[PDB]
2 protein chains.
Amino acid sequence: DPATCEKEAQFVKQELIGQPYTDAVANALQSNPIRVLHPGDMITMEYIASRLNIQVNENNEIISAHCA
Amino acid sequence: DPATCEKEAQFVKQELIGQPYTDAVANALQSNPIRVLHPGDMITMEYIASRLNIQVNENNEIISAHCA
């Protein structure tokens, strides 16, 4: 659901920056699906408005989120 | 800078969805850098808070935007 994903991306970007992406975090998220993006991942550009992307750095710290 | 990026990504998500990404639209954006994401593009993920991504469909119609 694009509506929930956008809300959740906003929340991640506001409240979770710098924290480890954990099973607690994934379970607190109602978006589906969820994809974790890492530095150097090579992916094909698709567009799933309901998909929450959580961007992390090399140490699994959350740095951003967006829906696609 | 990230401030202008997030503002413009918001303007785009809010006002330009479905519109062709024309030179007139592109030239009006002040973000730097700006990257256009086309369907099926293979992208190596590296997060850059200042970069405005304009995602278009196969007809160059805007479907989304995010900073990364």
# chains A, B, ... in the order shown; residues from 1 in each chain; ligands from 1
$ interface_residues --of "chain A" --to "chain B" --cutoff "6 Å" --atoms "only C-alpha atoms" --output "mmCIF file with N, CA, C and O atoms, in the first residue's frame"
data_model
loop_
_atom_site.group_PDB
_atom_site.id
_atom_site.type_symbol
_atom_site.label_atom_id
_atom_site.label_comp_id
_atom_site.auth_asym_id
_atom_site.auth_seq_id
_atom_site.Cartn_x
_atom_site.Cartn_y
_atom_site.Cartn_z
ATOM 1 N N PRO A 39 25.363 -0.298 0.300
ATOM 2 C CA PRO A 39 26.317 0.316 -0.622
ATOM 3 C C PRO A 39 26.799 -0.711 -1.641
ATOM 4 O O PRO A 39 27.143 -1.822 -1.257
ATOM 5 N N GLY A 40 26.754 -0.354 -2.917
ATOM 6 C CA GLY A 40 27.285 -1.192 -3.981
ATOM 7 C C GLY A 40 26.314 -2.220 -4.541
ATOM 8 O O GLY A 40 26.668 -2.940 -5.496
ATOM 9 N N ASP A 41 25.108 -2.308 -3.978
ATOM 10 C CA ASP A 41 24.084 -3.199 -4.543
ATOM 11 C C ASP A 41 23.779 -2.701 -5.941
ATOM 12 O O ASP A 41 23.555 -1.506 -6.136
ATOM 13 N N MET A 42 23.795 -3.603 -6.919
ATOM 14 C CA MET A 42 23.454 -3.260 -8.282
ATOM 15 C C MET A 42 22.055 -3.823 -8.541
ATOM 16 O O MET A 42 21.853 -5.031 -8.463
ATOM 17 N N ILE A 43 21.088 -2.946 -8.803
ATOM 18 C CA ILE A 43 19.706 -3.376 -8.951
ATOM 19 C C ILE A 43 19.082 -2.756 -10.184
ATOM 20 O O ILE A 43 19.565 -1.755 -10.703
ATOM 21 N N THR A 44 18.010 -3.372 -10.664
ATOM 22 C CA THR A 44 17.317 -2.861 -11.835
ATOM 23 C C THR A 44 16.247 -1.886 -11.376
ATOM 24 O O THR A 44 15.585 -2.112 -10.351
ATOM 25 N N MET A 45 16.116 -0.780 -12.093
ATOM 26 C CA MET A 45 15.130 0.234 -11.725
ATOM 27 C C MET A 45 13.747 -0.246 -12.067
ATOM 28 O O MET A 45 13.398 -0.393 -13.233
ATOM 29 N N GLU A 46 12.980 -0.529 -11.027
ATOM 30 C CA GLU A 46 11.584 -0.895 -11.162
ATOM 31 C C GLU A 46 10.843 0.145 -10.367
ATOM 32 O O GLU A 46 11.463 0.977 -9.693
#
$ residues_around --residues "region 4-10 of chain A" --least-positions-apart "4" --cutoff "10 Å" --atoms "only C-alpha atoms" --output "PyMOL selection string"
chain A and resi 14-16+28-34+49-54+64-68
$ calpha_fit_and_write --fixed "chain A" --moving "chain B" --output "compact mmCIF listing (two decimals) with N, CA, C and O atoms, in the first residue's frame"
# COMPACT_ATOMS: atom_id res chain seq x y z
N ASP B 1 0.61 -1.24 0.79
CA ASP B 1 0.01 -0.13 0.04
C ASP B 1 0.83 1.16 0.20
O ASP B 1 1.48 1.36 1.23
N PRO B 2 0.80 2.04 -0.82
CA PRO B 2 1.62 3.27 -0.84
C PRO B 2 1.43 4.22 0.35
O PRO B 2 2.39 4.91 0.72
N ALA B 3 0.23 4.28 0.93
CA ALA B 3 -0.04 5.19 2.04
C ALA B 3 0.84 4.85 3.23
O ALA B 3 1.55 5.71 3.76
N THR B 4 0.78 3.59 3.65
CA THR B 4 1.59 3.11 4.74
C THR B 4 3.08 3.18 4.40
O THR B 4 3.91 3.49 5.26
N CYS B 5 3.43 2.92 3.14
CA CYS B 5 4.83 3.02 2.72
C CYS B 5 5.41 4.42 2.93
O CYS B 5 6.50 4.58 3.48
N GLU B 6 4.67 5.44 2.49
CA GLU B 6 5.14 6.82 2.56
C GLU B 6 5.17 7.33 3.99
O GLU B 6 6.06 8.11 4.36
N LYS B 7 4.20 6.89 4.79
CA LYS B 7 4.16 7.22 6.20
C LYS B 7 5.38 6.66 6.91
O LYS B 7 6.08 7.39 7.63
N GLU B 8 5.64 5.37 6.72
CA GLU B 8 6.79 4.71 7.34
C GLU B 8 8.13 5.24 6.80
O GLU B 8 9.07 5.43 7.57
N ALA B 9 8.23 5.49 5.50
CA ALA B 9 9.47 6.08 4.98
C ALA B 9 9.72 7.42 5.65
O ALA B 9 10.87 7.83 5.84
N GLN B 10 8.65 8.11 6.04
CA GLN B 10 8.75 9.40 6.71
C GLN B 10 9.20 9.21 8.15
O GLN B 10 10.08 9.93 8.63
N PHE B 11 8.57 8.26 8.83
CA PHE B 11 8.92 7.90 10.20
C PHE B 11 10.40 7.53 10.28
O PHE B 11 11.10 7.90 11.21
N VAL B 12 10.85 6.77 9.28
CA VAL B 12 12.23 6.30 9.22
C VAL B 12 13.19 7.46 8.99
O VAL B 12 14.16 7.62 9.74
N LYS B 13 12.93 8.27 7.97
CA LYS B 13 13.76 9.45 7.71
C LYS B 13 13.82 10.38 8.93
O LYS B 13 14.82 11.07 9.14
N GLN B 14 12.77 10.37 9.75
CA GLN B 14 12.65 11.34 10.84
C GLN B 14 13.13 10.86 12.21
O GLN B 14 13.55 11.67 13.04
N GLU B 15 13.06 9.55 12.45
CA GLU B 15 13.31 9.03 13.79
C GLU B 15 14.43 7.99 13.87
O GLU B 15 15.02 7.79 14.94
N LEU B 16 14.72 7.33 12.76
CA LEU B 16 15.60 6.17 12.79
C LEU B 16 16.96 6.37 12.11
O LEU B 16 17.79 5.46 12.10
N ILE B 17 17.19 7.55 11.53
CA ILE B 17 18.48 7.77 10.87
C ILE B 17 19.63 7.48 11.84
O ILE B 17 19.63 7.95 12.98
N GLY B 18 20.59 6.66 11.39
CA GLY B 18 21.77 6.35 12.17
C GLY B 18 21.62 5.11 13.02
O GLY B 18 22.60 4.58 13.56
N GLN B 19 20.40 4.63 13.16
CA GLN B 19 20.14 3.46 13.98
C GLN B 19 20.35 2.19 13.18
O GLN B 19 20.10 2.17 11.96
N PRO B 20 20.79 1.13 13.85
CA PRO B 20 20.95 -0.18 13.23
C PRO B 20 19.58 -0.71 12.81
O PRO B 20 18.59 -0.54 13.55
N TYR B 21 19.51 -1.31 11.63
CA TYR B 21 18.27 -1.88 11.15
C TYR B 21 18.10 -3.29 11.73
O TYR B 21 18.48 -4.29 11.11
N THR B 22 17.53 -3.35 12.93
CA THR B 22 17.45 -4.59 13.69
C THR B 22 16.18 -5.33 13.34
O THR B 22 15.30 -4.78 12.68
N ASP B 23 16.06 -6.57 13.80
CA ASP B 23 14.83 -7.31 13.57
C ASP B 23 13.67 -6.62 14.26
O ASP B 23 12.55 -6.63 13.76
N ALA B 24 13.94 -5.99 15.40
CA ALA B 24 12.87 -5.31 16.13
C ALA B 24 12.31 -4.13 15.32
O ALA B 24 11.10 -3.92 15.26
N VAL B 25 13.20 -3.36 14.70
CA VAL B 25 12.77 -2.29 13.81
C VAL B 25 12.03 -2.85 12.59
O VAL B 25 10.98 -2.34 12.20
N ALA B 26 12.61 -3.89 11.98
CA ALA B 26 12.07 -4.42 10.74
C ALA B 26 10.69 -5.02 10.99
O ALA B 26 9.79 -4.89 10.16
N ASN B 27 10.53 -5.66 12.15
CA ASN B 27 9.29 -6.36 12.43
C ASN B 27 8.16 -5.39 12.75
O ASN B 27 6.98 -5.74 12.64
N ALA B 28 8.53 -4.18 13.14
CA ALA B 28 7.53 -3.14 13.47
C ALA B 28 6.95 -2.46 12.23
O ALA B 28 5.85 -1.91 12.28
N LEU B 29 7.68 -2.50 11.12
CA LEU B 29 7.19 -1.90 9.87
C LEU B 29 6.10 -2.74 9.22
O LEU B 29 6.22 -3.97 9.11
N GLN B 30 5.02 -2.09 8.80
CA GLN B 30 3.87 -2.78 8.23
C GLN B 30 3.87 -2.76 6.69
O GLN B 30 3.07 -3.44 6.05
N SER B 31 4.78 -2.03 6.08
CA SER B 31 4.87 -1.99 4.62
C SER B 31 5.15 -3.35 4.04
O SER B 31 5.80 -4.15 4.65
N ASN B 32 4.66 -3.60 2.84
CA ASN B 32 4.94 -4.84 2.14
C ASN B 32 4.92 -4.61 0.62
O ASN B 32 3.91 -4.26 0.08
N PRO B 33 6.04 -4.78 -0.06
CA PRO B 33 7.25 -5.40 0.47
C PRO B 33 8.24 -4.40 1.00
O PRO B 33 8.10 -3.24 0.72
N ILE B 34 9.22 -4.88 1.77
CA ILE B 34 10.30 -4.02 2.25
C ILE B 34 11.61 -4.57 1.68
O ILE B 34 11.86 -5.78 1.75
N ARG B 35 12.43 -3.70 1.11
CA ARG B 35 13.71 -4.11 0.55
C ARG B 35 14.82 -3.33 1.24
O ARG B 35 14.71 -2.12 1.42
N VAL B 36 15.88 -4.02 1.62
CA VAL B 36 17.02 -3.34 2.22
C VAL B 36 18.08 -3.08 1.13
O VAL B 36 18.49 -4.00 0.42
N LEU B 37 18.51 -1.82 1.00
CA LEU B 37 19.49 -1.46 -0.02
C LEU B 37 20.85 -1.31 0.65
O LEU B 37 21.00 -0.46 1.51
N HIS B 38 21.81 -2.15 0.26
CA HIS B 38 23.16 -2.12 0.83
C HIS B 38 24.13 -1.42 -0.10
O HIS B 38 23.94 -1.41 -1.32
N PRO B 39 25.21 -0.85 0.46
CA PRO B 39 26.11 -0.08 -0.39
C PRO B 39 26.70 -0.98 -1.45
O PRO B 39 27.11 -2.11 -1.14
N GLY B 40 26.69 -0.52 -2.69
CA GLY B 40 27.28 -1.27 -3.79
C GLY B 40 26.38 -2.32 -4.42
O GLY B 40 26.73 -2.89 -5.46
N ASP B 41 25.25 -2.61 -3.79
CA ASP B 41 24.25 -3.50 -4.39
C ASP B 41 23.99 -3.03 -5.81
O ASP B 41 23.83 -1.83 -6.05
N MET B 42 23.93 -3.96 -6.76
CA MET B 42 23.49 -3.61 -8.10
C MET B 42 21.99 -3.83 -8.16
O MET B 42 21.51 -4.96 -7.93
N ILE B 43 21.24 -2.78 -8.46
CA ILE B 43 19.79 -2.86 -8.47
C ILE B 43 19.24 -2.55 -9.86
O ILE B 43 19.61 -1.55 -10.47
N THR B 44 18.32 -3.39 -10.32
CA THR B 44 17.58 -3.11 -11.54
C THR B 44 16.36 -2.30 -11.17
O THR B 44 15.48 -2.75 -10.43
N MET B 45 16.33 -1.07 -11.68
CA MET B 45 15.29 -0.12 -11.33
C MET B 45 13.95 -0.49 -11.95
O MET B 45 13.84 -0.58 -13.17
N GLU B 46 12.95 -0.70 -11.10
CA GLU B 46 11.55 -0.81 -11.53
C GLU B 46 10.74 -0.23 -10.38
O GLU B 46 10.85 -0.69 -9.25
N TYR B 47 9.93 0.79 -10.65
CA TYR B 47 9.29 1.57 -9.58
C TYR B 47 8.02 0.92 -9.04
O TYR B 47 7.07 0.66 -9.78
N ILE B 48 8.02 0.66 -7.75
CA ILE B 48 6.87 0.04 -7.09
C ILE B 48 6.48 0.90 -5.91
O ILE B 48 7.17 0.93 -4.89
N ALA B 49 5.37 1.63 -6.06
CA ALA B 49 4.95 2.64 -5.10
C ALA B 49 4.73 2.09 -3.71
O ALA B 49 4.79 2.84 -2.75
N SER B 50 4.46 0.78 -3.63
CA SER B 50 4.14 0.12 -2.35
C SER B 50 5.37 -0.39 -1.60
O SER B 50 5.26 -0.81 -0.45
N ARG B 51 6.52 -0.37 -2.25
CA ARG B 51 7.73 -0.96 -1.67
C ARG B 51 8.52 0.04 -0.85
O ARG B 51 8.88 1.13 -1.33
N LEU B 52 8.77 -0.31 0.41
CA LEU B 52 9.57 0.53 1.27
C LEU B 52 11.02 0.10 1.12
O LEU B 52 11.35 -1.07 1.33
N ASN B 53 11.88 1.04 0.75
CA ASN B 53 13.31 0.78 0.66
C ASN B 53 14.02 1.38 1.84
O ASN B 53 13.91 2.57 2.11
N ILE B 54 14.74 0.54 2.57
CA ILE B 54 15.52 1.00 3.71
C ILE B 54 16.98 0.95 3.28
O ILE B 54 17.51 -0.12 2.98
N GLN B 55 17.64 2.10 3.23
CA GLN B 55 19.00 2.14 2.75
C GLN B 55 19.91 2.20 3.96
O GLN B 55 19.73 3.05 4.84
N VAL B 56 20.88 1.29 4.01
CA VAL B 56 21.79 1.24 5.15
C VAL B 56 23.23 1.46 4.67
O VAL B 56 23.54 1.34 3.46
N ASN B 57 24.10 1.82 5.59
CA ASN B 57 25.54 1.83 5.29
C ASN B 57 26.18 0.47 5.51
O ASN B 57 25.49 -0.53 5.74
N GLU B 58 27.51 0.43 5.43
CA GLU B 58 28.20 -0.85 5.53
C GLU B 58 28.08 -1.50 6.91
O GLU B 58 28.40 -2.68 7.09
N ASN B 59 27.60 -0.73 7.88
CA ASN B 59 27.41 -1.26 9.22
C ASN B 59 25.95 -1.50 9.58
O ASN B 59 25.60 -1.67 10.74
N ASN B 60 25.10 -1.53 8.55
CA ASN B 60 23.68 -1.79 8.72
C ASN B 60 22.99 -0.66 9.46
O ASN B 60 21.95 -0.87 10.09
N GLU B 61 23.56 0.54 9.39
CA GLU B 61 22.96 1.71 10.01
C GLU B 61 22.10 2.44 8.99
O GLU B 61 22.52 2.66 7.87
N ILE B 62 20.89 2.81 9.39
CA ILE B 62 19.94 3.42 8.45
C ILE B 62 20.40 4.79 7.99
O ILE B 62 20.67 5.67 8.83
N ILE B 63 20.52 4.97 6.67
CA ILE B 63 20.89 6.28 6.13
C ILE B 63 19.76 6.95 5.36
O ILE B 63 19.82 8.15 5.12
N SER B 64 18.75 6.17 4.95
CA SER B 64 17.61 6.78 4.28
C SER B 64 16.50 5.78 3.99
O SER B 64 16.67 4.58 4.19
N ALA B 65 15.37 6.29 3.51
CA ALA B 65 14.26 5.42 3.09
C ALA B 65 13.45 6.11 2.01
O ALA B 65 13.33 7.34 2.01
N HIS B 66 12.91 5.33 1.08
CA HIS B 66 12.00 5.89 0.09
C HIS B 66 11.16 4.76 -0.47
O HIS B 66 11.55 3.60 -0.40
N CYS B 67 10.00 5.11 -1.02
CA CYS B 67 9.14 4.12 -1.62
C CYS B 67 9.42 4.04 -3.11
O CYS B 67 9.42 5.07 -3.81
N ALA B 68 9.71 2.83 -3.59
CA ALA B 68 10.00 2.61 -5.00
C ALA B 68 10.38 1.17 -5.27
O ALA B 68 10.40 0.71 -6.41
$ select_by_dssp --residues "chain B" --states "strand (DSSP E)" --output "ChimeraX atom specification"
/B:34-37,42-44,52-56,62-67
$ select_by_dssp --residues "chain A" --states "helix (DSSP H, G or I)" --output "PyMOL selection string"
chain A and resi 2-15+23-28
$ write_last_selection --atoms "C-alpha atoms" --output "mmCIF file, in the first residue's frame"
data_model
loop_
_atom_site.group_PDB
_atom_site.id
_atom_site.type_symbol
_atom_site.label_atom_id
_atom_site.label_comp_id
_atom_site.auth_asym_id
_atom_site.auth_seq_id
_atom_site.Cartn_x
_atom_site.Cartn_y
_atom_site.Cartn_z
ATOM 1 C CA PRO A 2 1.639 3.241 -1.255
ATOM 2 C CA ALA A 3 -0.081 5.224 1.506
ATOM 3 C CA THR A 4 1.472 3.254 4.384
ATOM 4 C CA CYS A 5 4.881 3.067 2.682
ATOM 5 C CA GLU A 6 5.162 6.848 2.356
ATOM 6 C CA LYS A 7 4.206 7.326 6.005
ATOM 7 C CA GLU A 8 6.756 4.734 7.059
ATOM 8 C CA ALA A 9 9.533 6.209 4.884
ATOM 9 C CA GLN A 10 8.929 9.591 6.545
ATOM 10 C CA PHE A 11 9.109 7.984 9.989
ATOM 11 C CA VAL A 12 12.341 6.149 9.218
ATOM 12 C CA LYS A 13 13.968 9.318 7.902
ATOM 13 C CA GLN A 14 12.836 11.289 10.949
ATOM 14 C CA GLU A 15 13.396 8.843 13.789
ATOM 15 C CA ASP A 23 14.355 -7.556 13.291
ATOM 16 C CA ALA A 24 12.630 -5.287 15.798
ATOM 17 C CA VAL A 25 12.590 -2.526 13.218
ATOM 18 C CA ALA A 26 11.374 -4.762 10.385
ATOM 19 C CA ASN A 27 8.529 -6.047 12.566
ATOM 20 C CA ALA A 28 7.511 -2.558 13.706
#
